Amino acid sequence: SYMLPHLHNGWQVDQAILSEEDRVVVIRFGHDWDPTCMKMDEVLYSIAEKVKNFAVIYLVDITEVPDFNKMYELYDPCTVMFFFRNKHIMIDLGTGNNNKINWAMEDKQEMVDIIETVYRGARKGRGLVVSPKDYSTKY
Amino acid sequence: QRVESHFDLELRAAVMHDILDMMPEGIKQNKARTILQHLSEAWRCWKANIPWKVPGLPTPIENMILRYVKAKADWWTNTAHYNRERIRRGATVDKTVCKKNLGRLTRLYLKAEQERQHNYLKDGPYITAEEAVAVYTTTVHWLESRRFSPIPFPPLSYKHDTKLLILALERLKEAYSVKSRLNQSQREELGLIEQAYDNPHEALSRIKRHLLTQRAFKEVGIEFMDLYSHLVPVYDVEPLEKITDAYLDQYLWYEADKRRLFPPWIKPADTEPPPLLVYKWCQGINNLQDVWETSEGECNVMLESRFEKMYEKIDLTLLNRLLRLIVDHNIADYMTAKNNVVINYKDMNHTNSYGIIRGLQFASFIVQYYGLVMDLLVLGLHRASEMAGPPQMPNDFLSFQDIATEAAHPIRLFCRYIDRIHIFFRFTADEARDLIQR
Amino acid sequence: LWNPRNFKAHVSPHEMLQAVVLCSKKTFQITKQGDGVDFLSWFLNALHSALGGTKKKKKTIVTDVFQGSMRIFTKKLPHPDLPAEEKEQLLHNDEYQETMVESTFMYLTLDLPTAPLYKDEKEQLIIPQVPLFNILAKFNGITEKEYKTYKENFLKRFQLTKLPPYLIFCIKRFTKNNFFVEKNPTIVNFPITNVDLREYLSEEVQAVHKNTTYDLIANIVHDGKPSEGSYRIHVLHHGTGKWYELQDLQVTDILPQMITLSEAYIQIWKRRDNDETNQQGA
Amino acid sequence: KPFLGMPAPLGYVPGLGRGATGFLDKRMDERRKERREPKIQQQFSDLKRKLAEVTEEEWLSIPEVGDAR
Amino acid sequence: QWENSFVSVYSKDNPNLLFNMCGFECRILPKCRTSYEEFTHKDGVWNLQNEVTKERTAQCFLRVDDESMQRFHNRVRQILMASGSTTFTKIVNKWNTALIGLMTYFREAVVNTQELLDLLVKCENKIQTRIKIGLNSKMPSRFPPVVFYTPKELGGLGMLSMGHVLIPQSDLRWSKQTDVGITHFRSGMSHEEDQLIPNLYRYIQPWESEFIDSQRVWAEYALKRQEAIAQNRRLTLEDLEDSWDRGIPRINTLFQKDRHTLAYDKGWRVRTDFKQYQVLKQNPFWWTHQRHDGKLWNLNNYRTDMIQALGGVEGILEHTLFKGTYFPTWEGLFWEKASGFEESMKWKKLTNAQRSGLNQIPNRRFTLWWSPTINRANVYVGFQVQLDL
């Protein structure tokens with residue numbers, strides 16, 4: 001967890017989305033105490049190095065910055081939200097909400113595919129992508 | 001799925017908050033961050049059951065580290081026990097988790113085995129002198145009575161051996177008969193096999209040399225097949241060793257066939273199929289005459305059972321002597337020597353002092369032979385010889401020389417299928433009473 | 001069990017044992033552990049309640065033959081005859097005369113240092129066996145003489161201040177509070193070999209602060225059967241001078257210097273030099 | 001991570017700048033009153049106290065980066 | 001240890017003795033001890049004839065062992081758990097091998113084991129869902145059996161089945177056009193026993209029957225052999241044709257291309273049994289080897305019948321997208337292997353990212369042929385959306 005940095009103001013969130021031109025900006029929105037927001041914080045931290053060349057990761061806490069709760073509508077322990085060139089990206093995991101991510105993904109590998117898929121599709125301006133594995137059943 | 005992972009994550013964090021407070025003031029802040037690599041390093045060290053120790057490190061630190069590594073190990077191990085039970089039942093889980101859990105259990109099994117082998121040698125002597133002599137003596141009387149003439153060590157000059165070579169090679173190839181994609185070891189193996197076809201005399205010449213010389217080989221790889229109820233050891237071995245052994249196995253059984261040695265009691269299936277063989281056994285029971293009559297308190301007993309952990313108990317030192325009774329000592333010594341080597345699984349290594357791998361091409365032959373020795377121990381000379389018949393004119397699977405010859409003894413029938421023993425006896429009321437009283 | 005004219009070699013205590021569970025005047029009702037230690041304790045306590053003072057059960061018992069000299073003197077033989085007394089002695093510095101706690105005890109629980117347990121292995125010579133002996137006379141005074149690493153509080157020393165005509169030791173081989181148990185296998189080297197006239201297994205433990213001099217005479221072993229446990233029992237025989245395992249109706253003689261190569265569990269240690277009071281007191 | 005360092009906003013709302021798209025009291029208190037009228041740390045913590053002893057020279061001379069695989 | 005040293009006794013008091021060799025649970029029964037009265041039991045009953053008196057003296061009741069049932073069950077559990085991303089053919093093919101491994105291994109015994117019948121039904125039912133779930137949407141109302149059972153030659157999946165399945169008579173309807181007009185066909189109005197999917201067990205021959213055939217056939221062969229020796233000649237095969245596929249060793253094994261090497265393959269029945277350690281993959285036909293015994297089952301009649309049930313190309317055509325291609329002859333088309341079309345994928349050396357992404361292509365093609373069956377106003381009860389342009 002101490003690998004991955006944290007964002008302590010909503011102004012750290014916004015500049016961080018802007019200044020990274022060439023890579024995804026992946027953010028976990030959720031709060032330290034949570035059962036499920038700790039688990040994801042692991043599965044990302046392990047992956048963050050492998051992917052440094054196309055994706056950048058950060059951590060944010062709903063309690064630290066609540067400014068973003070209404071606009072993106074944040075419910076539940078945590079939401080993974082992908083950004084490329086200020087454009088909110090979007091993917092269908094078969095789960096019935098195409099915005100963000102909720103459920104906890106299981107393998108390191110299946111997580112890297114999703115990041116890679118989003119980036120590759122995203123690079124072409126495509127706003128939707130399809131997660132190869134569709135965990136509607138899972139979540 | 002995330003529980004054990006999460007536990008270790010927070011544990012490390014707690015020590016990190018604690019460590020700066022706890023001590024290591026002299027150590028730099030940058031150095032402290034690496035500390036986590038040693039925690040990882042300690043874990044890495046912990047993994048594979050290898051002692052791990054570094055240079056400049058805190059005492060009031062080493063013990064702390066041990067305490068958290070043990071905590072993670074408990075989490076890890078308990079999870080493994082839980083998931084295996086779910087898998088056995090068929091309970092819905094995870095096909096990833098299915099793979100991860102298997103991985104963790106294979107390391108835990110291997111750790112257990114490595115300690116068991118160590119402890120056997122350290123214990124210093126499972127066999128005992130009285131037992132060893134009993135085993136030896138039994139074998140001697142069997143060989144005496146059976147009248148089989150030892151099987152000579154295979155010659156360069158065997159008409160049969162050249163022909164068998166073909167049979168051995170087919171068996172080895174079968175494993176790659178349908179593979180679209182091969183790895184490097186697979187490619188090497190096939191290359192070797194093609195070379196063997198191209199120049200059989202070199203292949204054969206080298207093989208003979210290996211039997212005569214090489215006493216210490218190279219440990220293979222071990223993996224487990226998950227049958228969701230029991231795990232089965234699968235072995236990966238060097239191709240040169242495998243070809244030589246495959247050939248040898250073909251020879252020996254041909255020699256056994258030609259040279260007899262293995263009685264009709266065993267159930268190899270060379271002549272008869274198992275499902276069908278079971279049926280025949282039922283048919284044989286029906287065929288038994290005077291077998292269903294209970295007018296005077298006659299009783300029949302069917303006993304079924306298994307060897308259990310035969311592999312652990314194989315006597316490398318005993319085995320060699322028993323093989324000398326059968327083959328030229330150079331072959332016996334070769335076979336024995338090939339045995340215990342090194343077993344690897346990632347980080348882990350151990351030396352199989354009393355270990356036999358099922359996955360060898362000629363393992364089957366060894367298992368049948370070793371089982372035969374145990375059959376002599378269990379069966380006894382008086383009835384076992386009656387079942388087998390004389391060495392001049394042996395009986396088939398379920399038959400006797402005469403009705404009198406059957407009647408003479410409680411173990412009228414005897415069947416052995418590798419390690420499975422089947423013995424048929426019918427008791428009179430008086431015989432039954434005797435056994436019960438004793 | 002002492003009968004010189006037994007019709008068969010061996011005996012069946014199964015009815016005794018079942019009567020000890022079924023016959024409520026013993027609630028022998030222990031389960032989920034049910035060891036040599038627990039049963040020894042349950043037996044000792046029972047005998048002392050059930051032969052007892054004036055009611056023949058504390059005069060014939062023998063309140064000399066041990067003496068957990070602290071408290072209760074019960075059936076005379078097994079409050080003497082199995083108790084010892086450890087006077088623990090809490091201290092502080094300054095002038096704060098911290099306090100002393102005599103305790104009567106029929107069996108002395110040894111620890112056993114810090115065996116990893118939740119750690120896989122090839123164990124022993126490739127994790128820890130040889131130096132087994134974190135253990136010797138381990139404490140060397142228990143908490144009391146040299147290594148008073150007495151974590152609980154300010155200062156300690158744990159003296160064995162009564163020293164009984166036998167002395168049972170029980171090796172802590174493990175913490176049933178957690179799972180099934182990775183035990184504490186760290187081998188417990190006291191096959192003492194020392195008498196001169198030696199190769200005697202001279203056992204002879206002498207108090208390395210005081211003198212009292214005691215000879216090993218029993219030795220429960222744990223064995224690790226893939227089905228329960230097992231518990232075999234090794235007894236001295238002074239007159240042939242031959243140690244004797246028994247192991248489910250089987251009997252076997254054992255080289256007394258090689259006793260320690262089993263997992264020790266319970267030892268009885270007779271006091272000689274009290275047989276210098278009774279070497280002299282014949 | 002240069003921005004991570006800096007620490008100062010304009011007195012600025014986060015949503016707007018990027019270009020964002022969304023896809024008596026005393027009496028009450030009195031009334032209320034009239035009505036009123038971890039494991040891991042424990043496991044370790046104990047070790048952490050154990051550490052306190054270690055010297056600052058030893059804290060320094062600690063081997064730094066050992067790989068065993 | 002006595003649990004696993006279990007002992008059973010057949011005596012006057014007990015109903016029967018018993019043993020358990022390989023995956024079979026066996027019971028041998030004697031009339032003299034006594035019994036009762038019944039009739040032919042098919043798989044349940046085998047007849048032990050006394051060699052000397054030629055009398056049917058006892059019966060052996062074959063039955064499939066519990067452990068082997070668990071292995072089958074777990075195999076099904078596993079194929080699913082593993083196959084998160086594999087194509088449907090890989091799933092089905094694996095299932096086909098697993099089933100004939102057990103079905104071809106036990107054969108007769110299966111019919112007397114009700115537990116297997118329950119298990120088999122449950123596991124097919126579980127199997128259908130995985131493919132259904134792989135499809136778009138989480139709800140299918142019907143999915144008529146034609147799509148699953150139709151042989152892969154006609155673009156189906158070629159699933160073997162033992163479960164009772166209703167081919168609703170509503171789905172047999174088929175319409176063809178001729179320059180004269182448009183003609184329809186429905187056999188639904190014929191009211192008789194309804195149409196059901198073909199069963200492997202019916203095609204299979206009971207063990208008792210096969211044992212009898214092997215005794216007869218091989219004895220006949222031996223006598224013919226003696227005559228051939230006496231007459232100084234070799235058998236021309238036409239002399240044996242009448243028994244060609246008959247016998248437990250399968251007399252046609254006498255004419256295999258590699259006999260001259262297989263002659264030296266001794267101990268093969270253990271080895272095949274012992275093979276399992278050497279290979280990670282575990283196989284369902286452990287008891288036999290085709291070469292060792294030859295072929296023990298005939299695939300074609302069942303396949304042809306499925307086609308008969310399918311109604312042939314015309315029947316296949318309604319379900320299929322074949323008429324849409326305006327190909328003149330059904331026979332002319334040779335279909336295209338996924339692997340064959342796949343070719344480069346075997347050796348494209350790319351980031352798996354292109355693995356399932358290309359393996360779905362065969363599945364995509366399958367959808368087009370059966371889309372009208374797959375997509376209909378009636379079928380799936382879905383909101384109907386017109387496509388863009």
# chains A, B, ... in the order shown; residues from 1 in each chain; ligands from 1
call {"tool": "residues_around", "arguments": {"residues": "residue D:63", "least_positions_apart": "6", "cutoff": "12 Å", "atoms": "only C-alpha atoms", "output": "number ranges by chain"}}
result
B: 27-28, 31-32, 34-35, 37-38, 41, 53-58
call {"tool": "select_by_dssp", "arguments": {"residues": "stretch 109-285 of chain B", "states": "alpha helix (DSSP H)", "output": "ChimeraX atom specification"}}
result
/B:109-123,129-146,159-174,184-198,200-212,239-258,274-285
call {"tool": "interface_residues", "arguments": {"of": "chain A", "to": "chain D", "cutoff": "9 Å", "atoms": "only C-alpha atoms", "output": "NGL selection string"}}
result
:A and (5-19 or 67-68 or 70-73 or 86 or 88 or 99)
call {"tool": "residues_around", "arguments": {"residues": "stretch 49-64 of chain A", "least_positions_apart": "4", "cutoff": "10 Å", "atoms": "only C-alpha atoms", "output": "MDAnalysis selection string"}}
result
chainID A and resid 1 3:10 12:13 16:17 20 22:32 37 41 44:45 68:69 74:75 77:78 80 82:84 112 115:116 119:120
call {"tool": "residues_around", "arguments": {"residues": "stretch 245-249 of chain B", "least_positions_apart": "5", "cutoff": "6 Å", "atoms": "only C-alpha atoms", "output": "PyMOL selection string"}}
result
chain B and resi 165+168+361-362
call {"tool": "residues_around", "arguments": {"residues": "residue E:97", "least_positions_apart": "5", "cutoff": "12 Å", "atoms": "only C-alpha atoms", "output": "VMD selection string"}}
result
chain E and resid 72 75 to 76 79 89 to 92 102 to 105 159 to 160 282 to 285
call {"tool": "write_last_selection", "arguments": {"atoms": "N, CA, C and O atoms", "output": "CSV table (one decimal), in the first residue's frame"}}
result
chain,number,residue,atom,x,y,z
E,72,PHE,N,-16.0,-38.8,-11.9
E,72,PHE,CA,-16.8,-38.3,-13.0
E,72,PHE,C,-17.3,-36.9,-12.7
E,72,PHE,O,-17.2,-36.0,-13.5
E,75,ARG,N,-14.7,-34.3,-12.5
E,75,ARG,CA,-14.2,-34.0,-13.8
E,75,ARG,C,-15.1,-32.9,-14.4
E,75,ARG,O,-14.6,-32.0,-15.1
E,76,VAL,N,-16.4,-33.1,-14.3
E,76,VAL,CA,-17.4,-32.1,-14.8
E,76,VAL,C,-17.2,-30.8,-14.1
E,76,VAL,O,-17.3,-29.7,-14.7
E,79,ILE,N,-14.0,-29.1,-15.5
E,79,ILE,CA,-14.0,-28.6,-16.9
E,79,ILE,C,-14.6,-27.3,-16.8
E,79,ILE,O,-14.1,-26.3,-17.5
E,89,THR,N,-16.3,-25.2,-28.4
E,89,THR,CA,-15.9,-26.5,-28.9
E,89,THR,C,-14.9,-27.2,-28.0
E,89,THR,O,-15.0,-28.4,-27.7
E,90,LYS,N,-14.0,-26.4,-27.4
E,90,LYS,CA,-13.0,-26.9,-26.4
E,90,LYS,C,-13.7,-27.5,-25.2
E,90,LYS,O,-13.3,-28.6,-24.8
E,91,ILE,N,-14.8,-26.9,-24.8
E,91,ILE,CA,-15.6,-27.4,-23.7
E,91,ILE,C,-16.3,-28.6,-24.0
E,91,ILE,O,-16.3,-29.6,-23.3
E,92,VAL,N,-17.0,-28.6,-25.1
E,92,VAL,CA,-17.8,-29.7,-25.5
E,92,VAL,C,-17.0,-30.9,-25.8
E,92,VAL,O,-17.4,-32.0,-25.4
E,102,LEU,N,-15.8,-42.6,-19.5
E,102,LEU,CA,-16.7,-43.3,-18.5
E,102,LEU,C,-17.7,-44.2,-19.2
E,102,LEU,O,-17.9,-45.3,-18.8
E,103,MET,N,-18.4,-43.7,-20.2
E,103,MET,CA,-19.5,-44.4,-20.9
E,103,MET,C,-18.9,-45.7,-21.6
E,103,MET,O,-19.6,-46.7,-21.6
E,104,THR,N,-17.8,-45.5,-22.3
E,104,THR,CA,-17.1,-46.6,-22.9
E,104,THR,C,-16.3,-47.5,-21.9
E,104,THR,O,-15.9,-48.5,-22.3
E,105,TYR,N,-16.1,-47.0,-20.7
E,105,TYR,CA,-15.4,-47.8,-19.8
E,105,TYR,C,-16.3,-48.7,-19.0
E,105,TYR,O,-16.0,-49.9,-18.8
E,159,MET,N,-23.3,-32.9,-29.2
E,159,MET,CA,-23.3,-33.4,-27.9
E,159,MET,C,-24.0,-34.7,-27.8
E,159,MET,O,-25.0,-34.9,-28.3
E,160,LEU,N,-23.3,-35.7,-27.1
E,160,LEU,CA,-23.9,-37.0,-26.8
E,160,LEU,C,-24.8,-36.8,-25.6
E,160,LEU,O,-24.6,-36.0,-24.8
E,282,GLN,N,-5.7,-36.3,-17.0
E,282,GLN,CA,-6.2,-37.6,-16.5
E,282,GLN,C,-7.2,-38.1,-17.5
E,282,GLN,O,-8.1,-37.4,-17.9
E,283,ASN,N,-7.1,-39.4,-17.9
E,283,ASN,CA,-8.1,-39.9,-18.8
E,283,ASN,C,-9.0,-41.1,-18.3
E,283,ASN,O,-8.5,-42.1,-17.8
E,284,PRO,N,-10.3,-40.9,-18.6
E,284,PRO,CA,-11.6,-41.6,-18.4
E,284,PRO,C,-11.6,-43.0,-19.0
E,284,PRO,O,-12.6,-43.7,-18.7
E,285,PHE,N,-10.7,-43.4,-19.8
E,285,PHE,CA,-10.7,-44.7,-20.4
E,285,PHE,C,-9.5,-45.6,-19.9
E,285,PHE,O,-9.0,-46.4,-20.7
call {"tool": "closest_atom_pairs", "arguments": {"of": "chain D", "to": "chain B", "cutoff": "8 Å", "atoms": "only C-alpha atoms", "output": "tab-separated table"}}
result
residue	atom	partner	partner_atom	distance
D:40	CA	B:11	CA	6.5
D:41	CA	B:14	CA	6.7
D:44	CA	B:64	CA	7.5
D:45	CA	B:18	CA	7.8
D:47	CA	B:64	CA	5.8
D:48	CA	B:22	CA	6.0
D:49	CA	B:22	CA	6.8
D:50	CA	B:60	CA	6.0
D:51	CA	B:60	CA	4.2
D:52	CA	B:22	CA	4.9
D:53	CA	B:60	CA	7.1
D:54	CA	B:23	CA	6.1
D:55	CA	B:24	CA	7.1
D:56	CA	B:26	CA	4.2
D:57	CA	B:26	CA	5.5
D:58	CA	B:58	CA	6.5
D:59	CA	B:24	CA	3.7
D:60	CA	B:27	CA	3.6
D:61	CA	B:56	CA	5.0
D:62	CA	B:56	CA	3.2
D:63	CA	B:56	CA	4.2
D:64	CA	B:34	CA	6.7
D:65	CA	B:34	CA	6.8
D:66	CA	B:41	CA	7.0
D:67	CA	B:41	CA	6.6
D:68	CA	B:45	CA	6.7
D:69	CA	B:44	CA	7.5
call {"tool": "residues_around", "arguments": {"residues": "residue B:187", "least_positions_apart": "6", "cutoff": "12 Å", "atoms": "only C-alpha atoms", "output": "list in words"}}
result
residues 173, 176, 179, 180, 181, 193, 194 and 239 of chain B
call {"tool": "interface_residues", "arguments": {"of": "chain B", "to": "chain C", "cutoff": "6 Å", "atoms": "only C-alpha atoms", "output": "PyMOL selection string"}}
result
chain B and resi 49+70+73-74+111+114-115+118
call {"tool": "residues_around", "arguments": {"residues": "stretch 142-155 of chain E", "least_positions_apart": "3", "cutoff": "9 Å", "atoms": "only C-alpha atoms", "output": "ChimeraX atom specification"}}
result
/E:128,132,158-161,165-168,171,197,303-304,306-307,309-310,312-313,316-317,319-320,334-335,366,369-370,373-374,379-380
call {"tool": "closest_atom_pairs", "arguments": {"of": "chain B", "to": "chain A", "cutoff": "9 Å", "atoms": "only C-alpha atoms", "output": "Markdown table"}}
result
| residue | atom | partner | partner_atom | distance |
| --- | --- | --- | --- | --- |
| B:1 | CA | A:106 | CA | 7.7 |
| B:2 | CA | A:39 | CA | 5.9 |
| B:3 | CA | A:39 | CA | 8.0 |
| B:5 | CA | A:42 | CA | 7.9 |
| B:6 | CA | A:39 | CA | 6.1 |
| B:9 | CA | A:1 | CA | 7.6 |
| B:10 | CA | A:38 | CA | 9.0 |
| B:13 | CA | A:2 | CA | 8.2 |
| B:94 | CA | A:106 | CA | 9.0 |
| B:96 | CA | A:107 | CA | 6.9 |
| B:97 | CA | A:106 | CA | 8.2 |
call {"tool": "atom_distance", "arguments": {"atom1": "atom CA of residue B:169", "atom2": "atom CA of residue B:212"}}
result
21.3 Å
call {"tool": "atom_distance", "arguments": {"atom1": "atom CA of residue C:95", "atom2": "atom CA of residue C:156"}}
result
15.1 Å
call {"tool": "interface_residues", "arguments": {"of": "chain E", "to": "chain A", "cutoff": "12 Å", "atoms": "only C-alpha atoms", "output": "PyMOL selection string"}}
result
chain E and resi 83-86+130+133-138+351-360
call {"tool": "write_last_selection", "arguments": {"atoms": "N, CA and C atoms", "output": "mmCIF file, in the first residue's frame"}}
result
data_model
loop_
_atom_site.group_PDB
_atom_site.id
_atom_site.type_symbol
_atom_site.label_atom_id
_atom_site.label_comp_id
_atom_site.auth_asym_id
_atom_site.auth_seq_id
_atom_site.Cartn_x
_atom_site.Cartn_y
_atom_site.Cartn_z
ATOM 1 N N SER E 83 -12.668 -23.573 -17.442
ATOM 2 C CA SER E 83 -12.994 -22.926 -18.708
ATOM 3 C C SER E 83 -13.694 -21.582 -18.574
ATOM 4 N N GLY E 84 -12.992 -20.604 -18.020
ATOM 5 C CA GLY E 84 -13.468 -19.237 -18.023
ATOM 6 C C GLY E 84 -13.531 -18.620 -19.408
ATOM 7 N N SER E 85 -12.495 -18.859 -20.208
ATOM 8 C CA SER E 85 -12.392 -18.207 -21.508
ATOM 9 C C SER E 85 -12.340 -19.114 -22.733
ATOM 10 N N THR E 86 -12.302 -20.422 -22.536
ATOM 11 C CA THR E 86 -12.165 -21.318 -23.676
ATOM 12 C C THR E 86 -13.411 -21.321 -24.542
ATOM 13 N N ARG E 130 -23.508 -23.358 -19.016
ATOM 14 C CA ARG E 130 -22.229 -22.708 -19.277
ATOM 15 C C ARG E 130 -22.202 -22.102 -20.675
ATOM 16 N N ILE E 133 -24.866 -19.252 -20.822
ATOM 17 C CA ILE E 133 -24.303 -18.104 -20.130
ATOM 18 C C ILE E 133 -23.210 -17.458 -20.933
ATOM 19 N N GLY E 134 -22.485 -18.204 -21.753
ATOM 20 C CA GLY E 134 -21.469 -17.626 -22.615
ATOM 21 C C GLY E 134 -22.084 -16.750 -23.682
ATOM 22 N N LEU E 135 -23.374 -16.954 -23.934
ATOM 23 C CA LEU E 135 -24.135 -16.202 -24.924
ATOM 24 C C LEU E 135 -24.600 -14.869 -24.363
ATOM 25 N N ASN E 136 -24.881 -13.917 -25.244
ATOM 26 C CA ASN E 136 -25.346 -12.613 -24.801
ATOM 27 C C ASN E 136 -26.688 -12.774 -24.095
ATOM 28 N N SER E 137 -26.837 -12.088 -22.969
ATOM 29 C CA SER E 137 -28.050 -12.164 -22.162
ATOM 30 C C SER E 137 -27.929 -13.249 -21.096
ATOM 31 N N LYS E 138 -28.671 -13.084 -20.006
ATOM 32 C CA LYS E 138 -28.658 -14.049 -18.913
ATOM 33 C C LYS E 138 -29.943 -14.868 -18.841
ATOM 34 N N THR E 351 0.236 -11.209 -27.816
ATOM 35 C CA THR E 351 -0.203 -11.126 -26.428
ATOM 36 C C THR E 351 -1.557 -11.798 -26.240
ATOM 37 N N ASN E 352 -1.568 -12.915 -25.519
ATOM 38 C CA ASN E 352 -2.805 -13.638 -25.281
ATOM 39 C C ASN E 352 -3.991 -12.749 -25.612
ATOM 40 N N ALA E 353 -3.870 -11.476 -25.271
ATOM 41 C CA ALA E 353 -4.934 -10.490 -25.545
ATOM 42 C C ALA E 353 -5.711 -10.836 -26.823
ATOM 43 N N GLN E 354 -5.042 -11.572 -27.714
ATOM 44 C CA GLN E 354 -5.592 -12.006 -28.987
ATOM 45 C C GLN E 354 -5.979 -13.487 -28.948
ATOM 46 N N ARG E 355 -6.001 -14.085 -27.759
ATOM 47 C CA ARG E 355 -6.294 -15.512 -27.649
ATOM 48 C C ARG E 355 -7.803 -15.735 -27.719
ATOM 49 N N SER E 356 -8.500 -15.395 -26.637
ATOM 50 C CA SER E 356 -9.956 -15.499 -26.594
ATOM 51 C C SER E 356 -10.610 -14.574 -27.622
ATOM 52 N N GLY E 357 -9.931 -13.468 -27.931
ATOM 53 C CA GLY E 357 -10.408 -12.519 -28.929
ATOM 54 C C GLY E 357 -10.489 -13.113 -30.326
ATOM 55 N N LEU E 358 -9.687 -14.147 -30.579
ATOM 56 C CA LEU E 358 -9.740 -14.851 -31.850
ATOM 57 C C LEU E 358 -10.460 -16.188 -31.711
ATOM 58 N N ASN E 359 -10.413 -16.797 -30.527
ATOM 59 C CA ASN E 359 -11.144 -18.052 -30.301
ATOM 60 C C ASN E 359 -12.661 -17.886 -30.336
ATOM 61 N N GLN E 360 -13.132 -16.685 -30.022
ATOM 62 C CA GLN E 360 -14.538 -16.369 -30.168
ATOM 63 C C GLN E 360 -14.988 -16.338 -31.632
#
call {"tool": "atom_distance", "arguments": {"atom1": "atom CA of residue E:55", "atom2": "atom CA of residue B:400"}}
result
21.4 Å
call {"tool": "interface_residues", "arguments": {"of": "chain E", "to": "chain B", "cutoff": "7 Å", "atoms": "only C-alpha atoms", "output": "PyMOL selection string"}}
result
chain E and resi 4-12+17+21-22+24+26-30+32-33+48+50+57-58+60+71+74+77+81-82+261-262+264-271+274-275+277-280+287
call {"tool": "closest_atom_pairs", "arguments": {"of": "chain C", "to": "chain D", "cutoff": "12 Å", "atoms": "only C-alpha atoms", "output": "tab-separated table"}}
result
residue	atom	partner	partner_atom	distance
C:149	CA	D:50	CA	11.9
C:151	CA	D:50	CA	10.1
C:152	CA	D:46	CA	11.6
